[PDB]
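Data first, discussion second: the structure below is written as structure tokens.
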Amino acid sequence: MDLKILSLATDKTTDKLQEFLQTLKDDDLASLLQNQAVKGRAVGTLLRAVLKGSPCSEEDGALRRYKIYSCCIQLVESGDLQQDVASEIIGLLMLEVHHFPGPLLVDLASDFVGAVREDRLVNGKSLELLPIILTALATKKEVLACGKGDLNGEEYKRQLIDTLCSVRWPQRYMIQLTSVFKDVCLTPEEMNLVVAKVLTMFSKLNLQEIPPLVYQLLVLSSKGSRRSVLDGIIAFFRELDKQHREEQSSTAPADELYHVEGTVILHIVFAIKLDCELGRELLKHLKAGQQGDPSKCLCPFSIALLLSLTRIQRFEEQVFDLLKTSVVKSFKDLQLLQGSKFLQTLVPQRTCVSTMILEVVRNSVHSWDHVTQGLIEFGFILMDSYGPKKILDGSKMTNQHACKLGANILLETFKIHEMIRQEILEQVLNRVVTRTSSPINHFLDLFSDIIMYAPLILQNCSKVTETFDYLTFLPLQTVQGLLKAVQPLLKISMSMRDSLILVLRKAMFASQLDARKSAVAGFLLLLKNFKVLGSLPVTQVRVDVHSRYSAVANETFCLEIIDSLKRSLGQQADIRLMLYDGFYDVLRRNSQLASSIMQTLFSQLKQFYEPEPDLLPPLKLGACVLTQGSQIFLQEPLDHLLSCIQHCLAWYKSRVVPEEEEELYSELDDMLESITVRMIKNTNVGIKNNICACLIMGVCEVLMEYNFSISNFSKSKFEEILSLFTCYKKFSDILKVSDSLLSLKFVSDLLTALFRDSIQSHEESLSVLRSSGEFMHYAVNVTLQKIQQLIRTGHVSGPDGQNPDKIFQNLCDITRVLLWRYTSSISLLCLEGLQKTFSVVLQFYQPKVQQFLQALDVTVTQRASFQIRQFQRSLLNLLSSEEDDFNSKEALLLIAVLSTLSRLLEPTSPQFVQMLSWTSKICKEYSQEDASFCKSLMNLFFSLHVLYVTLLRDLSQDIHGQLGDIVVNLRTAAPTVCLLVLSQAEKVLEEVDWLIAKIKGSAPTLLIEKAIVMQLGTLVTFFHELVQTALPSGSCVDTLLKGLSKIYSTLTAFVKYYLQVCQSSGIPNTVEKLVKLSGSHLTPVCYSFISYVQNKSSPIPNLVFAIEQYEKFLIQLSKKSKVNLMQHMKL
């Protein structure tokens, strides 16, 4: 057998070879099966002779090969044969398939598709033939003899593949199946066929099997449809994520899902490296543009992809713009949606890109390093770009929200990833020490948070310590923030503490003022955290107990500093003030310093206090002024020196009750009383006097505070308190804002004591005060004035001034006391102060809103509508009994309180209706001739309303009727309520414009379109009223013009939208009917309004061009679509 075939190969073609074949016909099965079992290399050339013994020139040759080919294939898959034998066989089969005729190749390939139905091949190695078969087919464009011939090589190859896609691929070989298409040239249809069919499988595989498949799919894209490949992978995982995230609301998968997603992301970034189009496509695809998309565009997965794509340099700038701009859009839209009810009806809420990126950080935990670098770097770009700027140099909601997300990314990455912890920190600090005058505060806050998070990481942190060297070179505001935040580290690392001491030690010697002002803040801060244990008898730290490790701090540590600080009391007034403030804070935290601080304060007063009993100027106010060379400065703000000694004494008496101190605190008590009694008794000369004036004004204001807290009892002291005010008022008339030296706790207590407090024995307390009555509203003026100063900055003058808990408390205290007086002219102030209170509590203390309302007595919305009722009732009362001219001022800010409160009302709510409907009642049932009042009532009306074009169309009917045609009255609606409905409607147009642009971008839809019509329809009716009517020529004319041309731009936008939508067409009655409703009620009435202007008077062109362009696209619309409506607009 074997040998006899060897001669035929070395003899010649045809006669020798082909004749032996016809002799056999029986088993090339049993022969080949066992001939490789004997020797595989004897089988290796067995084909070469037999294949050249059966050419395509003869059929018995060609139709014989088909049997051989099927036997080789059968053995390769079924047999256990070694891979050298296996791959040698398919080696030959692949290289000899070239010349087989069209009919046979089709049969061969259909045998594969036949195998595909159900087989255990265990081998796709058979399938490696398929590519060569399918290509050899497409070579021949000629009809072939099979069945109905009617088909070229390309079409049988297309129908073969076509069938391969409709048959089920087994879970086992499907990877090898997809790697088979790798070598086969395809049509776009054949591609999308193979692709979309591979995709149909994803949902059928165990998750861990997808990444290799996705890899195998992506190698096809290289020849093959980028956008659809990506969109597929993205869409698959987006959905997969969606489910897992709903499993989270009710680790397990997280290991697999996210590890795979990382590998998958890692795979496509890898492709983007080799092919840039792939990248440029991923960007083109994901890019927001019209905003309906970026909500559905970006998902945690795609964002993570983008962020990992960052690692390829060239794409970085782009990835960041996309993300940066999407974070703003995402917010600015949701910011809009919350503003209008109608938008909520049309558009459902959307997860915003913000909380998406944060989920990326969250999910980044599982082996995503590639994603972190771009993550932290993005977080910074937000903080960099959206951080506050001009506030330092003489809707930012987005600016803020962006910046915070920048911080949150940064903080949360830090928490999650140990390896970048250092780089995040270095990056923050280096901005702090390096950045300009440009405000760094937001960066210090993050620095604070990182530290506070885990002080243990940074305890050492030379990078923090090294920062201190710039302590003098940095702005005081920075140094404070830096020190405050750095505290938890100081309590831990000795070497950092000691290094800060040494730095501060010599900071004190800096000539420059601001430098020393910093050094002080530092020491003062140290003293708050640092104790001694000394020689003695919030838990600061003992600097003293380790003497081997500290070369600087000793038992003298606390006193050493106070002495160092003492010298500043002889320095500029500005410093002394700062040292007075510090001493109190410090004293409160450190008990042992009471003597040392007090001593210093005491001996300071000794300079300004006349000891000789009764030399009537009890304090020497001449020494408070220094003069050098034509300039008169105040040194030593005595009024604060007094306040400080007051608040310390008050503390020492108050708190420490567990000797040379008791002699100190008596002698100062003696001195304060002595001053108390004795006290009641432009050009350089005058510049000094004015200072002294408000010095005393303060001194009296301080002595007032002191004699109250001395004893809250006697009528005898309140007699002094009044007399002390009588001295204060005395100078206050003789001549002021944040200047109130009364601590806010005091301004609370006494206002609670004056109004609410009666039950106490003394009516003479109140009377000594109430009877003056200027003191009465002076005491209400400080409170009202400090609350206001509390909205200018976050601070307030005295002790616990910046403590947000003590401030909230004092706010609650003061509020309900102003409420007691307003339920019962001072009563006017209370409202004004009461007003500023609410506004502060809401826009600062918001989370404490629930607490706040409780101090005043669904439940949050309950408290709101309760207070609203009390106010809306006293507004109605002001109106119902209103006498002629009464108050434009009380009516104004009474509405302000309501508008502030109404924002607490849930937009759904039963209570919210009570407020809206009630307002609607006042609008219809009232009027008045002061413009101030209506614009407010309207704004409040609108404010509540838009969360519920009627009002607009109706409001115009009024102005239109009460003006022109050439409840609010002539003086009311003409100048004012005109501009409002115009502005309001303009906004309602911007809405429509966005809707109109939204639908265009999609390349439930109708439900919106008909709402757009009804919206625009009611608006045309609105303008018609105004376009008819005469209005004062000054402004409202121009505003009505601008507003008009806007509708025409909106309609034009609605028009060229249907030019687009009807290319794919019917333009239903909705559209049509109202299209000519414009060319009847508007167009002509407009042309007539422009003539009103020129005939009266003796922008303009912008109205006509708008109407012209409006018609120009109606001409294009009507012609190219269906209806003659434009010809019906002229009728």
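Ordering of the structure tokens sets the chain letters (A, B, ...), residue numbers begin anew at 1 in every chain, and ligands are numbered from 1 in the order given.
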As a list in words, please: the residues near residue 1067 in chain A (cut-off 8 Å, only C-alpha atoms, same-chain neighbours under 5 positions excluded).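 Surrounding residues, per the criterion: residues 1058, 1062 and 1072 of chain A.
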Separation of CA of residue 436 in chain A from CA of residue 508 in chain A, in Å and rounded to one decimal: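 CA of residue 508 in chain A lies 23.5 Å from CA of residue 436 in chain A.
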Residues near residue 634 in chain A, cut-off 10 Å, only C-alpha atoms, skip fewer than 2 positions along chain, as a list in words: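 Result of the neighbour search: residues 572, 573, 574, 622, 623, 624, 625, 626, 627, 632, 636, 637, 638, 687, 688, 691, 692 and 695 of chain A.
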I need the chosen residues saved as a PDB file, in the first residue's frame, with N, CA, C and O atoms.
ATOM      1  N   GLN A 572       2.271  97.205  68.201  1.00  0.00           N
ATOM      2  CA  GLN A 572       1.177  97.890  67.524  1.00  0.00           C
ATOM      3  C   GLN A 572      -0.176  97.441  68.065  1.00  0.00           C
ATOM      4  O   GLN A 572      -0.335  96.300  68.493  1.00  0.00           O
ATOM      5  N   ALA A 573      -1.139  98.358  68.065  1.00  0.00           N
ATOM      6  CA  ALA A 573      -2.469  98.086  68.597  1.00  0.00           C
ATOM      7  C   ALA A 573      -3.083  96.847  67.964  1.00  0.00           C
ATOM      8  O   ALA A 573      -3.732  96.045  68.638  1.00  0.00           O
ATOM      9  N   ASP A 574      -2.875  96.704  66.662  1.00  0.00           N
ATOM     10  CA  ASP A 574      -3.441  95.595  65.911  1.00  0.00           C
ATOM     11  C   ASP A 574      -3.067  94.252  66.535  1.00  0.00           C
ATOM     12  O   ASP A 574      -3.899  93.350  66.624  1.00  0.00           O
ATOM     13  N   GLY A 622      -5.585 109.203  77.230  1.00  0.00           N
ATOM     14  CA  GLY A 622      -4.577 109.923  76.486  1.00  0.00           C
ATOM     15  C   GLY A 622      -3.476 108.979  76.055  1.00  0.00           C
ATOM     16  O   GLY A 622      -2.949 109.090  74.950  1.00  0.00           O
ATOM     17  N   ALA A 623      -3.141 108.036  76.932  1.00  0.00           N
ATOM     18  CA  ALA A 623      -2.053 107.098  76.682  1.00  0.00           C
ATOM     19  C   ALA A 623      -2.426 106.051  75.632  1.00  0.00           C
ATOM     20  O   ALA A 623      -1.567 105.319  75.138  1.00  0.00           O
ATOM     21  N   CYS A 624      -3.710 105.983  75.296  1.00  0.00           N
ATOM     22  CA  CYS A 624      -4.183 105.047  74.282  1.00  0.00           C
ATOM     23  C   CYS A 624      -3.841 105.541  72.883  1.00  0.00           C
ATOM     24  O   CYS A 624      -3.966 104.804  71.906  1.00  0.00           O
ATOM     25  N   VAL A 625      -3.412 106.792  72.792  1.00  0.00           N
ATOM     26  CA  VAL A 625      -3.039 107.376  71.513  1.00  0.00           C
ATOM     27  C   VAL A 625      -1.550 107.688  71.449  1.00  0.00           C
ATOM     28  O   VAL A 625      -0.992 108.301  72.357  1.00  0.00           O
ATOM     29  N   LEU A 626      -0.914 107.251  70.370  1.00  0.00           N
ATOM     30  CA  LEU A 626       0.480 107.574  70.120  1.00  0.00           C
ATOM     31  C   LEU A 626       0.572 108.511  68.925  1.00  0.00           C
ATOM     32  O   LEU A 626      -0.248 108.449  68.011  1.00  0.00           O
ATOM     33  N   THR A 627       1.560 109.397  68.943  1.00  0.00           N
ATOM     34  CA  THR A 627       1.788 110.295  67.822  1.00  0.00           C
ATOM     35  C   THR A 627       3.266 110.353  67.483  1.00  0.00           C
ATOM     36  O   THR A 627       4.089 110.724  68.320  1.00  0.00           O
ATOM     37  N   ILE A 632      -1.324 110.264  63.914  1.00  0.00           N
ATOM     38  CA  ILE A 632      -1.835 109.823  65.203  1.00  0.00           C
ATOM     39  C   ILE A 632      -2.511 108.462  65.104  1.00  0.00           C
ATOM     40  O   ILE A 632      -3.567 108.323  64.483  1.00  0.00           O
ATOM     41  N   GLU A 636      -2.999 100.030  71.855  1.00  0.00           N
ATOM     42  CA  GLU A 636      -3.794  99.502  72.967  1.00  0.00           C
ATOM     43  C   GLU A 636      -5.294  99.821  72.938  1.00  0.00           C
ATOM     44  O   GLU A 636      -5.745 100.781  73.563  1.00  0.00           O
ATOM     45  N   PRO A 637      -6.063  99.033  72.175  1.00  0.00           N
ATOM     46  CA  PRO A 637      -7.524  99.149  72.144  1.00  0.00           C
ATOM     47  C   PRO A 637      -8.100  98.808  73.515  1.00  0.00           C
ATOM     48  O   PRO A 637      -8.569  97.692  73.741  1.00  0.00           O
ATOM     49  N   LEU A 638      -8.026  99.774  74.425  1.00  0.00           N
ATOM     50  CA  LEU A 638      -8.417  99.601  75.823  1.00  0.00           C
ATOM     51  C   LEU A 638      -9.759  98.896  76.003  1.00  0.00           C
ATOM     52  O   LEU A 638      -9.913  98.070  76.903  1.00  0.00           O
ATOM     53  N   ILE A 687      -8.706 113.899  65.609  1.00  0.00           N
ATOM     54  CA  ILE A 687      -8.557 112.497  65.232  1.00  0.00           C
ATOM     55  C   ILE A 687      -8.388 111.657  66.489  1.00  0.00           C
ATOM     56  O   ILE A 687      -8.918 110.549  66.592  1.00  0.00           O
ATOM     57  N   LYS A 688      -7.644 112.200  67.447  1.00  0.00           N
ATOM     58  CA  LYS A 688      -7.441 111.556  68.737  1.00  0.00           C
ATOM     59  C   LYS A 688      -8.754 111.465  69.502  1.00  0.00           C
ATOM     60  O   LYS A 688      -9.072 110.434  70.092  1.00  0.00           O
ATOM     61  N   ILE A 691     -11.282 108.740  68.312  1.00  0.00           N
ATOM     62  CA  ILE A 691     -10.840 107.449  68.824  1.00  0.00           C
ATOM     63  C   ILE A 691     -11.310 107.268  70.258  1.00  0.00           C
ATOM     64  O   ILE A 691     -11.989 106.294  70.583  1.00  0.00           O
ATOM     65  N   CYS A 692     -10.941 108.214  71.112  1.00  0.00           N
ATOM     66  CA  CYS A 692     -11.322 108.176  72.520  1.00  0.00           C
ATOM     67  C   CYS A 692     -12.829 108.023  72.682  1.00  0.00           C
ATOM     68  O   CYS A 692     -13.296 107.290  73.552  1.00  0.00           O
ATOM     69  N   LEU A 695     -13.733 104.636  71.967  1.00  0.00           N
ATOM     70  CA  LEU A 695     -13.031 103.876  72.993  1.00  0.00           C
ATOM     71  C   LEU A 695     -13.950 103.748  74.198  1.00  0.00           C
ATOM     72  O   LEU A 695     -14.230 102.647  74.671  1.00  0.00           O
TER      73      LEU A 695
END
So that I can check the surroundings of residue 190 in chain A, please list as an NGL selection string every protein, DNA and RNA residue that reaches within 9 Å of it, counting only C-alpha atoms and ignoring chain neighbours fewer than 3 positions away. :A and (158 or 161-162 or 186-187 or 193-195)
Same residues, N, CA, C and O atoms, saved as a JSON list (two decimals), in the first residue's frame:
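Once everything was written out, this is selection_4.json:
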[["chain", "number", "residue", "atom", "x", "y", "z"],
["A", 158, "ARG", "N", -21.31, 34.59, 1.64],
["A", 158, "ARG", "CA", -22.14, 35.47, 2.46],
["A", 158, "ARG", "C", -23.29, 34.70, 3.08],
["A", 158, "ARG", "O", -23.65, 34.92, 4.23],
["A", 161, "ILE", "N", -21.77, 32.18, 5.85],
["A", 161, "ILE", "CA", -21.59, 32.94, 7.07],
["A", 161, "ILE", "C", -22.95, 33.29, 7.67],
["A", 161, "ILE", "O", -23.18, 33.14, 8.87],
["A", 162, "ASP", "N", -23.85, 33.74, 6.80],
["A", 162, "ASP", "CA", -25.20, 34.12, 7.21],
["A", 162, "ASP", "C", -25.86, 33.00, 8.01],
["A", 162, "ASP", "O", -26.56, 33.26, 8.99],
["A", 186, "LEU", "N", -14.37, 40.38, 5.25],
["A", 186, "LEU", "CA", -15.82, 40.47, 5.35],
["A", 186, "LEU", "C", -16.39, 41.76, 4.77],
["A", 186, "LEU", "O", -15.68, 42.73, 4.54],
["A", 187, "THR", "N", -17.70, 41.74, 4.52],
["A", 187, "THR", "CA", -18.44, 42.92, 4.12],
["A", 187, "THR", "C", -18.86, 43.64, 5.39],
["A", 187, "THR", "O", -18.85, 43.03, 6.47],
["A", 193, "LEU", "N", -22.95, 41.30, 11.07],
["A", 193, "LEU", "CA", -23.57, 40.00, 11.28],
["A", 193, "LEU", "C", -22.79, 39.18, 12.30],
["A", 193, "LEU", "O", -23.35, 38.72, 13.29],
["A", 194, "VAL", "N", -21.49, 39.00, 12.06],
["A", 194, "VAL", "CA", -20.65, 38.23, 12.97],
["A", 194, "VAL", "C", -20.60, 38.90, 14.34],
["A", 194, "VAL", "O", -20.75, 38.25, 15.37],
["A", 195, "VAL", "N", -20.38, 40.21, 14.33],
["A", 195, "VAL", "CA", -20.32, 40.98, 15.57],
["A", 195, "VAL", "C", -21.60, 40.82, 16.38],
["A", 195, "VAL", "O", -21.59, 40.22, 17.45]]
Near-range 114-125 of chain A list (8 Å; only C-alpha atoms; drop same-chain fewer than 5 positions) as a PDB file with N, CA, C and O atoms, in the first residue's frame:
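New file out_4.pdb:
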ATOM      1  N   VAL A  76      -8.535  14.666  13.237  1.00  0.00           N
ATOM      2  CA  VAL A  76      -7.979  15.783  13.990  1.00  0.00           C
ATOM      3  C   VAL A  76      -8.794  16.089  15.246  1.00  0.00           C
ATOM      4  O   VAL A  76      -8.239  16.284  16.328  1.00  0.00           O
ATOM      5  N   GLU A  77     -10.116  16.128  15.096  1.00  0.00           N
ATOM      6  CA  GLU A  77     -11.009  16.472  16.200  1.00  0.00           C
ATOM      7  C   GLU A  77     -11.259  15.330  17.190  1.00  0.00           C
ATOM      8  O   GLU A  77     -11.181  15.524  18.403  1.00  0.00           O
ATOM      9  N   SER A  78     -11.570  14.145  16.673  1.00  0.00           N
ATOM     10  CA  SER A  78     -11.956  13.020  17.524  1.00  0.00           C
ATOM     11  C   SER A  78     -10.766  12.340  18.194  1.00  0.00           C
ATOM     12  O   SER A  78     -10.784  12.077  19.398  1.00  0.00           O
ATOM     13  N   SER A  87      -1.533  19.333  13.685  1.00  0.00           N
ATOM     14  CA  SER A  87      -1.269  20.606  13.018  1.00  0.00           C
ATOM     15  C   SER A  87      -0.530  20.439  11.692  1.00  0.00           C
ATOM     16  O   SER A  87      -0.456  21.374  10.895  1.00  0.00           O
ATOM     17  N   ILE A  90      -3.710  19.728   9.155  1.00  0.00           N
ATOM     18  CA  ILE A  90      -4.399  20.961   8.804  1.00  0.00           C
ATOM     19  C   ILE A  90      -3.426  21.932   8.156  1.00  0.00           C
ATOM     20  O   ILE A  90      -3.830  22.910   7.530  1.00  0.00           O
ATOM     21  N   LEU A 164     -24.081  30.461   9.486  1.00  0.00           N
ATOM     22  CA  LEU A 164     -23.221  30.251  10.644  1.00  0.00           C
ATOM     23  C   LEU A 164     -23.697  31.110  11.806  1.00  0.00           C
ATOM     24  O   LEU A 164     -23.576  30.723  12.965  1.00  0.00           O
ATOM     25  N   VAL A 167     -27.245  29.688  13.254  1.00  0.00           N
ATOM     26  CA  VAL A 167     -27.103  28.465  14.035  1.00  0.00           C
ATOM     27  C   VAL A 167     -26.474  28.777  15.384  1.00  0.00           C
ATOM     28  O   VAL A 167     -25.737  29.751  15.516  1.00  0.00           O
ATOM     29  N   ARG A 168     -26.762  27.951  16.382  1.00  0.00           N
ATOM     30  CA  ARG A 168     -26.229  28.168  17.722  1.00  0.00           C
ATOM     31  C   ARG A 168     -24.782  27.710  17.846  1.00  0.00           C
ATOM     32  O   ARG A 168     -24.453  26.571  17.518  1.00  0.00           O
ATOM     33  N   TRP A 169     -23.922  28.605  18.321  1.00  0.00           N
ATOM     34  CA  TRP A 169     -22.538  28.252  18.600  1.00  0.00           C
ATOM     35  C   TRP A 169     -22.478  27.645  19.995  1.00  0.00           C
ATOM     36  O   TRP A 169     -23.056  28.190  20.934  1.00  0.00           O
ATOM     37  N   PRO A 170     -21.785  26.509  20.136  1.00  0.00           N
ATOM     38  CA  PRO A 170     -21.657  25.864  21.447  1.00  0.00           C
ATOM     39  C   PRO A 170     -20.763  26.678  22.371  1.00  0.00           C
ATOM     40  O   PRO A 170     -19.819  27.320  21.908  1.00  0.00           O
ATOM     41  N   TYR A 173     -16.573  26.127  21.975  1.00  0.00           N
ATOM     42  CA  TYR A 173     -15.705  26.490  20.859  1.00  0.00           C
ATOM     43  C   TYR A 173     -15.887  27.930  20.375  1.00  0.00           C
ATOM     44  O   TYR A 173     -15.133  28.406  19.527  1.00  0.00           O
ATOM     45  N   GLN A 176     -12.940  30.060  19.767  1.00  0.00           N
ATOM     46  CA  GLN A 176     -12.233  29.611  18.577  1.00  0.00           C
ATOM     47  C   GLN A 176     -13.036  29.956  17.332  1.00  0.00           C
ATOM     48  O   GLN A 176     -12.471  30.240  16.275  1.00  0.00           O
ATOM     49  N   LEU A 177     -14.359  29.931  17.463  1.00  0.00           N
ATOM     50  CA  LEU A 177     -15.245  30.318  16.371  1.00  0.00           C
ATOM     51  C   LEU A 177     -15.003  31.766  15.968  1.00  0.00           C
ATOM     52  O   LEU A 177     -14.952  32.093  14.782  1.00  0.00           O
TER      53      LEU A 177
END
Contacts of residue 98 in chain A at 10 Å or less, counting only C-alpha atoms, minus same-chain residues fewer than 5 places along, as a VMD selection string? chain A and resid 93 105 132 to 133 135 to 137
Rounded to one decimal in Å, what is the spacing between CA of residue 787 in chain A and CA of residue 392 in chain A? 22.2 Å
A straight line from CA of residue 680 in chain A to CA of residue 724 in chain A spans 6.4 Å
Set the distance at 12 Å and use only C-alpha atoms: which residues neighbour residue 804 in chain A once local chain neighbours fewer than 6 positions away are removed? I'd like the list as a PyMOL selection string. chain A and resi 790+794-796+810-811+841+844-845+848
Requested write-out: N, CA and C atoms of the selected residues, as a compact mmCIF listing (two decimals), in the first residue's frame:
# COMPACT_ATOMS: atom_id res chain seq x y z
N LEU A 790 -23.20 88.59 60.37
CA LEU A 790 -23.01 87.15 60.36
C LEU A 790 -23.25 86.59 58.96
N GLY A 794 -18.56 84.80 58.20
CA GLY A 794 -19.11 83.75 59.03
C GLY A 794 -18.96 84.08 60.50
N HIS A 795 -18.17 85.11 60.78
CA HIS A 795 -17.76 85.41 62.15
C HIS A 795 -18.65 86.41 62.87
N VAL A 796 -18.31 86.64 64.13
CA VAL A 796 -18.93 87.66 64.96
C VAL A 796 -17.89 88.10 65.98
N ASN A 810 -27.08 80.42 69.95
CA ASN A 810 -27.39 81.83 70.13
C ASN A 810 -28.42 82.34 69.12
N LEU A 811 -28.46 81.71 67.95
CA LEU A 811 -29.45 82.06 66.94
C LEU A 811 -30.83 81.59 67.35
N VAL A 841 -30.02 80.95 58.92
CA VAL A 841 -30.19 79.56 59.33
C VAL A 841 -30.32 78.63 58.12
N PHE A 844 -26.86 78.75 55.60
CA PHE A 844 -25.62 78.40 56.29
C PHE A 844 -25.79 77.08 57.04
N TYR A 845 -26.75 77.09 57.97
CA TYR A 845 -26.97 76.01 58.93
C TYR A 845 -27.94 74.92 58.47
N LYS A 848 -29.25 71.89 60.08
CA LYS A 848 -29.74 72.13 61.43
C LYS A 848 -31.14 72.72 61.41
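Distance annotation: of A:740, A:1109, A:518, A:726, the residue with the minimal separation from residue 768 in chain A is A:726; atom set is only C-alpha atoms.
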Tell me which of A:1063, A:511, A:547, A:908 sits closest to residue 571 in chain A, counting only C-alpha atoms.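 So, comparing all the options, the nearest one is A:511.
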For a quick check of understanding, using only C-alpha atoms, which of A:540, A:221, A:743, A:487 has the smallest distance to residue 271 in chain A? A:221
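Considering only C-alpha atoms, the residue among A:1049, A:539, A:74, A:607 positioned nearest to residue 89 in chain A is A:74.
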Please extract the residues of range 465-700 of chain A with a backbone DSSP assignment of alpha helix (DSSP H) and present them as a VMD selection string. chain A and resid 465 476 to 490 494 to 507 513 to 529 557 to 566 573 to 589 594 to 608 638 to 654 660 to 679 684 to 700
A:798, A:475, A:224, A:348: which is nearest residue 578 in chain A, counting only C-alpha atoms?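 Using only C-alpha atoms, the shortest distance to residue 578 in chain A belongs to A:798.
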